[PDB]
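Here's the structure, in structure tokens; my notes come after.
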Amino acid sequence: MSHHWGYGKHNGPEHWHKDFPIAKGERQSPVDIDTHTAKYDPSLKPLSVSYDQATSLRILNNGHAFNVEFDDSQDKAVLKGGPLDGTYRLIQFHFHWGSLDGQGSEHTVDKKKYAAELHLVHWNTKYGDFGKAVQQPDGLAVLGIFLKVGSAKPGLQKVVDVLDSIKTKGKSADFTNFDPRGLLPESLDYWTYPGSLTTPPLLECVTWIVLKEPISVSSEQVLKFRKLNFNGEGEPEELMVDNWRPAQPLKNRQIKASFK
Ligand SMILES: NS(=O)(=O)O[C@@H]1CCN(S(=O)(=O)[C@@H]2O[C@@H](CO)[C@@H](O)[C@H](O)[C@@H]2O)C1
Ligand SMILES: [Zn+2]
């Protein structure tokens with residue numbers, strides 16, 4: 001591990017366990033979603049996505065992906081219902097994507113990989129702050145949304161057009177008044193299971209909610225993702241591509257479906 005962990009040959013997912021032993025734990029993410037094995041659970045409530053008062057602040061290239069950050073000091077953008085007990089506040093979203101359209105998602109569906117995957121990260125307000133929440137088995141809820149390449153996603157374009165300004169690791173830009181509702185598909189049908197963060201520290205603190213319906217983005221939109229850099233300014237260019245962890249063993253877990 002050079003600096004530290006990453007997605008390259010010498011510091012990628014196969015290496016992570018040496019510094020983060022929980023990498024080989026009992027509820028690691030992502031996983032393959034076997035649609036024929038997932039069971040419909042009629043006791044699952046509809047998801048409540050309440051993003052009308054969302055306050056985006058900033059977008060950051062963190063050397064792994066880019067994060068769009070939100071004001072989470074109040075209940076402005078929250079996720080509730082579904083498998084969740086209580087209220088989860090949106091803190092950021094980010095993506096994972098590939099070097100080619102046939103790979104890039106972290107979760108897979110009957111072993112199918114999508115071109116990318118969007119993660120909207122939320123923390124359980126009963127734990128007071130994000131740092132405390134990640135130390136709890138029900139601390140986080142991540143809403144995962146698949147991306148396929150086809151027609152453009154209009155609500156994604158504002159994100160795409162600011163990426164030139166955060167090309168390299170550590171760069172940030174003002175990113176206020178962005179509406180994350182524009183990134184959602186029509187349907188909120190989902191699969192859910194207990195899992196983990198998919199990068200180090202790989203903490204097993206996440207209730208995963210993965211939407212069945214992918215969104216479509218254009219080839220031009222995803223091409224601009226692939227022009228980002230893992231490296232910092234003034235360093236040799238390493239294109240930011242294939243920043244996804246592969247599917248992990250399901251072990252003693254059941255994936256539940258919200259839909260028939
Ligand atoms: N893929 S996931 O399961 O949704 O987890 C991602 C990756 C890890 N978290 S995180 O700890 O909140 C996140 O991780 C860091 C870098 O990987 C920070 O740069 C950053 O401050 C950030 O808020 C979210
Ligand atoms: Zn993620």
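This entry, so its header tells us, was determined using X-ray crystallography, 1.5 Å.
Cβ atoms here come from the backbone N, Cα and C positions, even for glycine.
Residues or ranges marked as active site, proton donor/acceptor in Swiss-Prot (evidence: a curator's inference): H64. Sequence-distant neighbours of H64 (active site, proton donor/acceptor) (same chain, 6+ residues apart, CB-CB distance under 8 A): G6, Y7, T199, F230, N243. The DSSP secondary structure for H64 (active site, proton donor/acceptor) is coil.
Note: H94 (Zn(2+) binding site) has non-local neighbours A65, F66, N67, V68, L118, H119, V121, i.e. same-chain residues 6+ apart with C-beta under 8 A of its own C-beta. Annotation source Swiss-Prot lists Zn(2+) binding site at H94, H96, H119.
If you look up Swiss-Prot, you'll see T198, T199 marked as substrate binding site. Listed in sequence order, the residues of the same chain lying 6 or more apart from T198 (substrate binding site) and placing their CB within less than 8 Å of its CB are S29, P30, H96, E106, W244, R245.
What Swiss-Prot records for 3-259 is domain 'Alpha-carbonic anhydrase'.
Marked as N-acetylserine by Swiss-Prot: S2. Applying an 8 A CB threshold to same-chain residues 6+ apart, the list for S2 (N-acetylserine) reads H10, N11.
The phosphoserine annotation in Swiss-Prot covers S2 (among others), and the record cites similarity to another entry as its basis. Taken residue by residue with DSSP, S2 (N-acetylserine) is part of neither helix nor strand, so it is coil.
Per Swiss-Prot, phosphoserine is recorded for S165 (among others). Taking the Cβ of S165 (phosphoserine) as reference, residues of its chain lying under 8 Å away and at least six apart in sequence are, in sequence order, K171, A173.
Annotation source Swiss-Prot lists phosphoserine at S172 (among others). Taking Cβ-Cβ distances under 8 Å and a sequence separation of 6 or more, the neighbours of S172 (phosphoserine) in its chain are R58, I59, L60, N61, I166.
Swiss-Prot lists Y7 (among others) with the feature site 'Fine-tunes the proton-transfer properties of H-64', giving a curator's inference as the kind of evidence.
Marked as site 'Fine-tunes the proton-transfer properties of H-64' by Swiss-Prot on the basis of experimental evidence: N62 (among others).
The feature site 'Fine-tunes the proton-transfer properties of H-64' is assigned by Swiss-Prot to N67 (among others), with experimental evidence given as support.
In this structure, the recorded positions that sit close to ligand 2, with a C-beta under 6 angstroms from any of its atoms, are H119, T198, chosen from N62, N67, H119, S165, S172, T198.
The most crowded of the recorded positions listed here (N62, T199) is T199, judged by how many other CB atoms sit within 10 Å of its own CB. Take the mean position of the Cβ atoms of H94, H96, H119, the recorded Zn(2+) site; other residues of that chain with a Cβ within 8 Å of it are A65, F93, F95, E106, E117, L118, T198.
Within 10 Å of the C-beta atom of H119 (Zn(2+) binding site) sit 23 other C-beta atoms, taking all shown protein chains into account.
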